[PDB]
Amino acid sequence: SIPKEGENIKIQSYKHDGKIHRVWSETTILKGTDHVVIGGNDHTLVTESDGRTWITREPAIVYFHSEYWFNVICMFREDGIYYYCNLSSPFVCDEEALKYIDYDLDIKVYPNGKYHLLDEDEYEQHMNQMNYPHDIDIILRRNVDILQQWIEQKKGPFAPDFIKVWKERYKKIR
């Protein structure tokens, strides 16, 4: 339930109804504690809910937390660091994969710092279709605001020093 440094793990995201959403085949673990998992991936296979596949185009650092309802992908592109933030259940890890539930809402952060809250329409549809309970709705809306504050504070994976440390750590181990 705590992956080891240098372990190659699968990441499996689900929807609230239990169907798989998206699977990443290979992520190398850089840090594994009780609260935080940090990993790196680069040209990993990605599997869609219909089984269709594609391969990621650039290195990324992934950040997972046991007590926050979000996780963060930090993508290294030509014109800087992009963040893609999934509102989510907190993660659980076992011998199959690190697993979480994707809850539709996402935030994209551009290299200039500007962020956009995405998928309010997708969230409203799924919350009605899959009958998300009221307490999950409260938690998710409260975690959108926490994530915006973390981005504005440059907290956690949004810290420039976080990027420098884990980018260089992953470059060495790969």
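Counting begins at 1, following the sequence as shown.
Legend: mean Cα B-factor per stretch from the PDB entry, 47 to 55 versus 137 to 145; the higher mean is in 47 to 55. In this entry, 70 to 78 shows the higher mean Cα temperature factor of the pair 70 to 78 and 97 to 105. When the modelled residues of the chain are ordered by their C-alpha B factor, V62 lands in the lowest third.
Among the modelled residues of the chain, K155 sits in the highest third by CA temperature factor in this PDB entry.
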